[PDB]
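S.K.: This is the structure I have questions about; it appears just below.
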Amino acid sequence: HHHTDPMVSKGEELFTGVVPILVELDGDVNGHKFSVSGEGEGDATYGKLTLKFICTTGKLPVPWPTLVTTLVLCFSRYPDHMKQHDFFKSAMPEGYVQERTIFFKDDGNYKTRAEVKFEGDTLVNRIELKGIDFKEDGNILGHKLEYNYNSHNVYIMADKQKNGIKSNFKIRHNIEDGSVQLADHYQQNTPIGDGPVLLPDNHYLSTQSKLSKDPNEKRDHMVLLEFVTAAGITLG
């Protein structure tokens with residue numbers, strides 16, 4: 001809405017109210033090719049995303065929880081006193097590229113590249129995923145992960161040379177036997193457009209995700225409720 005900085009006002013304008021989301025992923029893990037399509041809606045005022053994903057090629061060859069971070073940080077709630085640090089909305093509507101390498105400890109790695117931008121009124125996240133060096137009997141290709149997701153906090157830093165941001169963080173996936181599978185994430189984001197963006201001071205995003213199933217859905221799928229809030233810079 002009403003912010004003294006017109007660059008902040010421009011990005012906030014695009015995310016006031018509920019915004020529809022489309023997610024489209026094409027993936028290849030150890031030569032198992034698959035596609036995922038997701039639909040839902042984001043409400044940046046509360047940091048809230050509701051999405052349902054479907055594997056459109058049949059059975060997903062990897063566990064759904066390993067794709068949560070890959071399958072839209074512009075819907076994060078930034079407190080008023082931090083809105084000058086919201087890179088993700090400032091890059092819109094032209095969008096940004098989000099690249100990751102995700103290393104699964106003692107297993108394979110995912111490399112992802114995504115473009116996040118508006119098509120009309122719809123926020124689209126278009127992802128390519130390549131996964132290599134997985135063990136056919138490991139926790140990933142073996143489907144030994146529980147269907148759930150732990151809350152965590154992630155630190156965001158500016159990358160002033162790329163006019164973007166970078167982040168590195170660990171996700172712990174629960175294994176069915178009570179142990180944990182570590183997923184080390186390395187992330188960078190860069191704007192698609194040439195115009196100015198907001199480069200943030202160091203801060204973190206607090207994330208909580210709930211995974212569920214649609215009782216009427218026969219296709220392989222995941223229902224996701226995610227909350228993401230920015231924090232780590234104090235008001236006064």
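Going by the structure tokens order, chains are called A, B, ..., each with residues numbered from 1, while ligands are numbered from 1 in the order shown.
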Determine, counting only C-alpha atoms, which protein, DNA and RNA residues have an atom within 7 Å of an atom of range 105-116 of chain A; residues of the same chain fewer than 3 positions away are not included. Present the result as a PyMOL selection string.
M.R.: chain A and resi 95-102+124-135+138+181-183
S.K.: Okay, now the selection with N, CA and C atoms, as a PDB file, in the first residue's frame?
M.R.:
```
ATOM      1  N   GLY A  95      10.631 -10.382 -13.217  1.00  0.00           N
ATOM      2  CA  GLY A  95      10.923 -11.636 -12.524  1.00  0.00           C
ATOM      3  C   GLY A  95      12.385 -11.836 -12.207  1.00  0.00           C
ATOM      4  N   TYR A  96      12.667 -13.055 -11.726  1.00  0.00           N
ATOM      5  CA  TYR A  96      14.016 -13.410 -11.368  1.00  0.00           C
ATOM      6  C   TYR A  96      14.247 -14.874 -11.667  1.00  0.00           C
ATOM      7  N   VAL A  97      15.529 -15.203 -11.755  1.00  0.00           N
ATOM      8  CA  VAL A  97      16.021 -16.565 -11.931  1.00  0.00           C
ATOM      9  C   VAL A  97      16.422 -17.049 -10.547  1.00  0.00           C
ATOM     10  N   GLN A  98      16.081 -18.298 -10.226  1.00  0.00           N
ATOM     11  CA  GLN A  98      16.477 -18.895  -8.965  1.00  0.00           C
ATOM     12  C   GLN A  98      17.173 -20.201  -9.302  1.00  0.00           C
ATOM     13  N   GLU A  99      18.461 -20.295  -8.960  1.00  0.00           N
ATOM     14  CA  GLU A  99      19.288 -21.457  -9.264  1.00  0.00           C
ATOM     15  C   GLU A  99      19.717 -22.118  -7.962  1.00  0.00           C
ATOM     16  N   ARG A 100      19.668 -23.435  -7.932  1.00  0.00           N
ATOM     17  CA  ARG A 100      20.170 -24.139  -6.762  1.00  0.00           C
ATOM     18  C   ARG A 100      20.970 -25.367  -7.145  1.00  0.00           C
ATOM     19  N   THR A 101      21.879 -25.743  -6.240  1.00  0.00           N
ATOM     20  CA  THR A 101      22.412 -27.087  -6.213  1.00  0.00           C
ATOM     21  C   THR A 101      22.084 -27.623  -4.833  1.00  0.00           C
ATOM     22  N   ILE A 102      21.487 -28.798  -4.806  1.00  0.00           N
ATOM     23  CA  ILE A 102      21.066 -29.420  -3.541  1.00  0.00           C
ATOM     24  C   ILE A 102      21.826 -30.727  -3.396  1.00  0.00           C
ATOM     25  N   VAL A 124       4.016 -17.279 -12.203  1.00  0.00           N
ATOM     26  CA  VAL A 124       4.435 -18.559 -12.753  1.00  0.00           C
ATOM     27  C   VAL A 124       5.833 -18.905 -12.261  1.00  0.00           C
ATOM     28  N   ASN A 125       6.033 -20.151 -11.866  1.00  0.00           N
ATOM     29  CA  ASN A 125       7.351 -20.652 -11.501  1.00  0.00           C
ATOM     30  C   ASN A 125       7.637 -21.826 -12.432  1.00  0.00           C
ATOM     31  N   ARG A 126       8.630 -21.655 -13.328  1.00  0.00           N
ATOM     32  CA  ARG A 126       8.938 -22.620 -14.394  1.00  0.00           C
ATOM     33  C   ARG A 126      10.316 -23.206 -14.144  1.00  0.00           C
ATOM     34  N   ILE A 127      10.373 -24.498 -13.815  1.00  0.00           N
ATOM     35  CA  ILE A 127      11.577 -25.108 -13.250  1.00  0.00           C
ATOM     36  C   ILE A 127      12.086 -26.242 -14.130  1.00  0.00           C
ATOM     37  N   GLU A 128      13.406 -26.326 -14.273  1.00  0.00           N
ATOM     38  CA  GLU A 128      14.090 -27.496 -14.812  1.00  0.00           C
ATOM     39  C   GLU A 128      14.905 -28.111 -13.685  1.00  0.00           C
ATOM     40  N   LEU A 129      14.840 -29.435 -13.537  1.00  0.00           N
ATOM     41  CA  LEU A 129      15.578 -30.105 -12.478  1.00  0.00           C
ATOM     42  C   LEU A 129      16.343 -31.271 -13.076  1.00  0.00           C
ATOM     43  N   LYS A 130      17.624 -31.354 -12.728  1.00  0.00           N
ATOM     44  CA  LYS A 130      18.488 -32.444 -13.164  1.00  0.00           C
ATOM     45  C   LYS A 130      19.069 -33.081 -11.913  1.00  0.00           C
ATOM     46  N   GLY A 131      18.898 -34.393 -11.774  1.00  0.00           N
ATOM     47  CA  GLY A 131      19.424 -35.050 -10.601  1.00  0.00           C
ATOM     48  C   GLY A 131      20.354 -36.156 -11.038  1.00  0.00           C
ATOM     49  N   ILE A 132      21.556 -36.212 -10.448  1.00  0.00           N
ATOM     50  CA  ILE A 132      22.561 -37.220 -10.820  1.00  0.00           C
ATOM     51  C   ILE A 132      23.227 -37.824  -9.588  1.00  0.00           C
ATOM     52  N   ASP A 133      23.795 -39.026  -9.804  1.00  0.00           N
ATOM     53  CA  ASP A 133      24.605 -39.727  -8.813  1.00  0.00           C
ATOM     54  C   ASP A 133      23.805 -40.225  -7.601  1.00  0.00           C
ATOM     55  N   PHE A 134      22.499 -40.458  -7.758  1.00  0.00           N
ATOM     56  CA  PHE A 134      21.716 -41.072  -6.686  1.00  0.00           C
ATOM     57  C   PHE A 134      21.916 -42.574  -6.624  1.00  0.00           C
ATOM     58  N   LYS A 135      21.817 -43.104  -5.413  1.00  0.00           N
ATOM     59  CA  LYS A 135      21.866 -44.549  -5.185  1.00  0.00           C
ATOM     60  C   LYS A 135      20.482 -45.145  -5.386  1.00  0.00           C
ATOM     61  N   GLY A 138      19.073 -45.883  -2.079  1.00  0.00           N
ATOM     62  CA  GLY A 138      19.234 -44.873  -1.065  1.00  0.00           C
ATOM     63  C   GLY A 138      17.894 -44.405  -0.552  1.00  0.00           C
ATOM     64  N   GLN A 181      17.953 -37.417   6.841  1.00  0.00           N
ATOM     65  CA  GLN A 181      18.670 -37.236   5.583  1.00  0.00           C
ATOM     66  C   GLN A 181      18.916 -35.738   5.365  1.00  0.00           C
ATOM     67  N   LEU A 182      20.184 -35.344   5.315  1.00  0.00           N
ATOM     68  CA  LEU A 182      20.537 -33.943   5.170  1.00  0.00           C
ATOM     69  C   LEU A 182      20.525 -33.536   3.706  1.00  0.00           C
ATOM     70  N   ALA A 183      19.927 -32.376   3.423  1.00  0.00           N
ATOM     71  CA  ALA A 183      19.960 -31.777   2.091  1.00  0.00           C
ATOM     72  C   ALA A 183      20.576 -30.378   2.161  1.00  0.00           C
TER      73      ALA A 183
END
```
S.K.: According to DSSP computed on the backbone, where in range 17-193 of chain A is there strand (DSSP E or B)? Give the residues as an NGL selection string.
M.R.: :A and (19-29 or 32-43 or 48-55 or 77 or 96-104 or 109-119 or 122-132 or 145 or 152-159 or 164-175 or 180-191)
S.K.: From the list A:76, A:179, A:148, A:202, which residue is nearest residue 166 in chain A when using only C-alpha atoms?
M.R.: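 Looking only at the distances to residue 166 in chain A, the closest residue turns out to be A:202.
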S.K.: May I ask for the distance between CA of residue 123 in chain A and CA of residue 90 in chain A, given in Å to one decimal place?
M.R.: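 Distance reported for this atom pair: 14.0 Å.
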S.K.: Taking into account only C-alpha atoms, which residue in the set A:191, A:139, A:23, A:146 is nearest to residue 162 in chain A?
M.R.: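 Checking each of A:191, A:139, A:23, A:146 against residue 162 in chain A, counting only C-alpha atoms, the winner is A:191.
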S.K.: Write out as a short mmCIF file (atom, residue, chain, number, x, y, z; two decimals) with N, CA and C atoms, in the first residue's frame the residues lying within 6 Å of range 77-79 of chain A, counting only C-alpha atoms and excluding same-chain residues fewer than 6 positions away.
M.R.:
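This is the output file around37.cif:
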```cif
data_model
loop_
_atom_site.label_atom_id
_atom_site.label_comp_id
_atom_site.auth_asym_id
_atom_site.auth_seq_id
_atom_site.Cartn_x
_atom_site.Cartn_y
_atom_site.Cartn_z
N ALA A 44 0.69 -12.62 0.16
CA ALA A 44 1.91 -12.13 0.79
C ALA A 44 1.65 -11.35 2.07
N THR A 45 0.44 -10.83 2.24
CA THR A 45 0.08 -10.13 3.49
C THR A 45 0.27 -11.01 4.71
N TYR A 46 -0.01 -12.31 4.57
CA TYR A 46 0.18 -13.25 5.66
C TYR A 46 1.33 -14.21 5.41
N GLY A 47 2.05 -14.04 4.29
CA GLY A 47 3.16 -14.95 4.03
C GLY A 47 2.69 -16.34 3.67
N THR A 229 8.04 -15.96 6.64
CA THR A 229 8.12 -14.62 7.22
C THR A 229 9.56 -14.15 7.31
N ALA A 230 9.79 -12.89 6.97
CA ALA A 230 11.12 -12.34 7.09
C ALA A 230 11.30 -11.77 8.51
#
```
S.K.: Might you pull out every residue within 8 Å of residue 93 in chain A, with only C-alpha atoms counted and same-chain residues fewer than 3 positions away left off, and present them as a list in words?
M.R.: residues 14, 117 and 118 of chain A
S.K.: Just C-alpha atoms for this one: save the residues we selected as a short mmCIF file (atom, residue, chain, number, x, y, z; two decimals), in the first residue's frame.
M.R.:
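Output file part.cif is given in full below:
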```cif
data_model
loop_
_atom_site.label_atom_id
_atom_site.label_comp_id
_atom_site.auth_asym_id
_atom_site.auth_seq_id
_atom_site.Cartn_x
_atom_site.Cartn_y
_atom_site.Cartn_z
CA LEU A 14 1.57 -6.32 -7.27
CA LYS A 117 7.65 -14.04 -13.23
CA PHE A 118 4.14 -12.80 -13.94
#
```
S.K.: CA of residue 2 in chain A and CA of residue 86 in chain A are how many Å apart?
M.R.: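 CA of residue 2 in chain A sits 15.6 Å away from CA of residue 86 in chain A.
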S.K.: Check the smallest atom-to-atom distance from each of A:199, A:62, A:82, A:7 to residue 141 in chain A using only C-alpha atoms, then report the winner.
M.R.: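 Residue with the minimum atom-to-atom distance to residue 141 in chain A: A:62.
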S.K.: What is the distance between CA of residue 18 in chain A and CA of residue 40 in chain A, in Å to one decimal?
M.R.: 10.0 Å
S.K.: Report the residues of range 31-201 of chain A whose backbone DSSP state falls under alpha helix (DSSP H), written as a PyMOL selection string.
M.R.: chain A and resi 87-90
S.K.: Would you mind exporting N, CA and C atoms of the selected residues as a PDB file, in the first residue's frame?
M.R.:
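Listed below is the output, result_17.pdb:
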```
ATOM      1  N   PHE A  87      13.982  -8.186  -1.994  1.00  0.00           N
ATOM      2  CA  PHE A  87      14.481  -8.349  -3.372  1.00  0.00           C
ATOM      3  C   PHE A  87      13.433  -8.993  -4.256  1.00  0.00           C
ATOM      4  N   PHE A  88      12.741  -9.993  -3.712  1.00  0.00           N
ATOM      5  CA  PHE A  88      11.912 -10.870  -4.536  1.00  0.00           C
ATOM      6  C   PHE A  88      10.759 -10.112  -5.173  1.00  0.00           C
ATOM      7  N   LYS A  89      10.066  -9.249  -4.412  1.00  0.00           N
ATOM      8  CA  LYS A  89       9.008  -8.475  -5.043  1.00  0.00           C
ATOM      9  C   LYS A  89       9.564  -7.360  -5.925  1.00  0.00           C
ATOM     10  N   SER A  90      10.742  -6.809  -5.574  1.00  0.00           N
ATOM     11  CA  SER A  90      11.276  -5.675  -6.347  1.00  0.00           C
ATOM     12  C   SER A  90      11.658  -6.065  -7.761  1.00  0.00           C
TER      13      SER A  90
END
```
S.K.: So that I can check the surroundings of range 150-158 of chain A, please list as a list in words every protein, DNA and RNA residue that reaches within 9 Å of it, counting only C-alpha atoms and ignoring chain neighbours fewer than 4 positions away.
M.R.: residues 162, 163, 164, 165, 166, 167, 168, 169, 170, 171, 172, 173, 174, 199, 200, 201, 202, 203, 204, 205, 206, 207, 208, 209 and 210 of chain A
S.K.: Excluding residue 121 in chain A and its own-chain neighbours fewer than 6 positions away, which residues fall within 12 Å of it when counting only C-alpha atoms? Please give them as a list in words.
M.R.: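 Those residues are residues 14, 15, 17, 18, 19, 20, 21, 22, 41, 92 and 93 of chain A.
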S.K.: Could you dump the residues just selected with N, CA, C and O atoms as a CSV table (one decimal), in the first residue's frame?
M.R.:
```csv
chain,number,residue,atom,x,y,z
A,14,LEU,N,1.8,-5.1,-6.5
A,14,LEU,CA,1.6,-6.3,-7.3
A,14,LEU,C,1.1,-7.5,-6.4
A,14,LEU,O,0.5,-8.5,-6.9
A,15,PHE,N,1.4,-7.4,-5.1
A,15,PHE,CA,1.1,-8.5,-4.2
A,15,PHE,C,0.1,-8.2,-3.2
A,15,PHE,O,-0.1,-8.9,-2.2
A,17,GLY,N,-3.5,-8.5,-2.0
A,17,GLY,CA,-4.6,-9.5,-2.3
A,17,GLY,C,-4.0,-10.8,-2.6
A,17,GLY,O,-2.8,-11.0,-2.5
A,18,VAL,N,-4.9,-11.7,-3.1
A,18,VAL,CA,-4.5,-13.1,-3.4
A,18,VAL,C,-4.1,-13.2,-4.8
A,18,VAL,O,-4.8,-12.7,-5.7
A,19,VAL,N,-3.0,-13.9,-5.1
A,19,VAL,CA,-2.4,-13.9,-6.4
A,19,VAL,C,-2.4,-15.4,-6.8
A,19,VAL,O,-2.0,-16.3,-6.1
A,20,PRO,N,-3.0,-15.8,-8.0
A,20,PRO,CA,-2.9,-17.2,-8.4
A,20,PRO,C,-1.5,-17.6,-8.8
A,20,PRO,O,-0.7,-16.7,-9.3
A,21,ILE,N,-1.2,-18.8,-8.6
A,21,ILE,CA,0.2,-19.4,-8.9
A,21,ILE,C,0.1,-20.6,-9.8
A,21,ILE,O,-0.8,-21.4,-9.5
A,22,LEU,N,0.9,-20.6,-10.8
A,22,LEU,CA,1.1,-21.8,-11.6
A,22,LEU,C,2.6,-22.3,-11.4
A,22,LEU,O,3.5,-21.5,-11.6
A,41,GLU,N,-2.6,-20.5,-4.7
A,41,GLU,CA,-2.7,-19.1,-4.6
A,41,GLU,C,-1.9,-18.6,-3.4
A,41,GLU,O,-1.7,-19.3,-2.4
A,92,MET,N,9.9,-7.9,-9.7
A,92,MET,CA,8.6,-8.1,-10.5
A,92,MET,C,8.2,-6.9,-11.2
A,92,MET,O,8.4,-5.8,-10.7
A,93,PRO,N,7.4,-7.0,-12.3
A,93,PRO,CA,6.8,-8.3,-12.8
A,93,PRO,C,7.8,-9.0,-13.7
A,93,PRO,O,7.4,-10.2,-14.1
```
S.K.: Neighbours of residue 147 in chain A within 12 Å (only C-alpha atoms; same-chain residues fewer than 5 positions away dropped), as a VMD selection string?
M.R.: chain A and resid 62 to 68 173 to 176 209 to 213 221 to 224
S.K.: Kindly export the residues of the current selection with C-alpha atoms, as an mmCIF file, in the first residue's frame.
M.R.:
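File produced: part08.cif:
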```
data_model
loop_
_atom_site.group_PDB
_atom_site.id
_atom_site.type_symbol
_atom_site.label_atom_id
_atom_site.label_comp_id
_atom_site.auth_asym_id
_atom_site.auth_seq_id
_atom_site.Cartn_x
_atom_site.Cartn_y
_atom_site.Cartn_z
ATOM 1 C CA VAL A 62 11.591 -39.203 -5.811
ATOM 2 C CA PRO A 63 9.855 -38.400 -2.497
ATOM 3 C CA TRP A 64 7.595 -35.332 -2.548
ATOM 4 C CA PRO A 65 9.296 -33.699 0.480
ATOM 5 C CA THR A 66 12.594 -33.459 -1.453
ATOM 6 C CA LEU A 67 10.901 -31.111 -3.960
ATOM 7 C CA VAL A 68 9.290 -28.674 -1.521
ATOM 8 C CA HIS A 173 14.395 -34.767 5.978
ATOM 9 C CA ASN A 174 12.997 -37.357 8.353
ATOM 10 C CA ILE A 175 13.747 -41.009 7.387
ATOM 11 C CA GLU A 176 11.129 -43.597 8.221
ATOM 12 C CA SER A 209 5.321 -26.170 5.782
ATOM 13 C CA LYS A 210 2.479 -28.670 6.199
ATOM 14 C CA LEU A 211 2.099 -31.522 3.704
ATOM 15 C CA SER A 212 -1.195 -33.288 3.158
ATOM 16 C CA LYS A 213 -3.155 -35.377 0.674
ATOM 17 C CA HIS A 221 0.203 -35.523 -5.659
ATOM 18 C CA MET A 222 1.139 -33.262 -2.752
ATOM 19 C CA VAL A 223 -0.945 -30.586 -1.021
ATOM 20 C CA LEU A 224 1.231 -27.923 0.513
#
```
